[PDB]
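Just one chain is shown here, as structure tokens, and it is the form deposited in one PDB entry.
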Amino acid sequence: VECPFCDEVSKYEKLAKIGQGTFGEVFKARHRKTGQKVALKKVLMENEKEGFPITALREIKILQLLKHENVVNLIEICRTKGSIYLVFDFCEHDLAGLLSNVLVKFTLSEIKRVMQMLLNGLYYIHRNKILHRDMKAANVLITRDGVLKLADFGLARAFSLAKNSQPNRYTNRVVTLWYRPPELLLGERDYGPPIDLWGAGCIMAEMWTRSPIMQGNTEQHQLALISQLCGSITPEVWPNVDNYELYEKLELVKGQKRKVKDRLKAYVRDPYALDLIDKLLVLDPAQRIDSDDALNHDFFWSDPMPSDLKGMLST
């Protein structure tokens, strides 16, 4: 049975399970001949109902499209003699694990560099009409050389702006609750890139607070925590939000003022930083800053300028 374009995963030697995973899911491995460090992600088939996971085909199609310095690199796809593995270029660290490590110290300059790479990565994927749809520290990887990479596209899809007569109807229940933007919690199905940047804002705040800033337990508790931080959700600050079926059907606190900057001031301090975060965590997705504007925001072009991470990662 000829199979020239799908190599047996035997070519790699498994070295460890990475991230206290779920099962024999992701392994750290090395090419037996080149020593190339890779990460093997076994394609999960508990849901064997409808053939090879369409959700996996999605991930692969997209991974094969997205080729950028700040996006995780899919080397190839290997088989056994059956199972299937996605092979990635190995990444030593991940933002979640780093911020969980008390010994790790980020300088203001280095946090700038992190956010800069993250945003440059988002700019690329959105440019190629892709939504990550699962932003979180855990899915932001960093290599030993200090290169940030977006990962876990198992939730990502493609998006179009057509046809200007009928809006898109996408999966609403997407993105981890804690990183989910207001528009999604209100039941939006015609959304886009802005949902990913809301996530970027949550992550940027984590760089200082060291923990997810809004940890809800239910879709509406999440909405409540957002109101407490970003201010009450009203048409006055979010035009045409009335149209969401849930705007009335959701008990929403009415008196809240905006406390984003005031709340993070204690953790961050740098004014430019607080400002960019204030623009990323904007309720109205239409008024929320995009990737391009964010990257040209003063934060990235005022002292201290962003600096490499190599040194900070040896600890």
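Residues carry their position along the shown sequence, with the first being 1. Rigid core (definition): largest C-alpha set, two forms, superposition within 1.5 Å. Shifts are known only where both forms have a C-alpha.
Another form, the form deposited in another entry, is not on view; read the next lines as being about it.
K.L.:
Against the rigid core, a Cα displacement of 2 Å or more between this form and the one not shown applies to just one of 26, 60, 44, 289. Which?
P.N.:
Flagged residue: 44.
K.L.:
Pin down for me whether the residue 62-residue 21 Cα distance shrinks or grows in that other deposited form relative to this form (closer or farther, change of 3 Å or more).
P.N.:
Relative to this form, closer in that other deposited form.
K.L.:
Relative to what's shown here, the Cα pair residue 42 and residue 20 differs by 3 Å or more in that other deposited form. Does it come closer or drift farther?
P.N.:
Closer together, which means the C-alphas of residue 42 and residue 20 are at least 3 Å nearer in that other deposited form.
K.L.:
Superposing on the core, what residue ranges of at least 3 consecutive positions move by 2 angstroms or more in Cα between this form and the one not shown?
P.N.:
The runs that move are 19-24, 44-47, 249-253.
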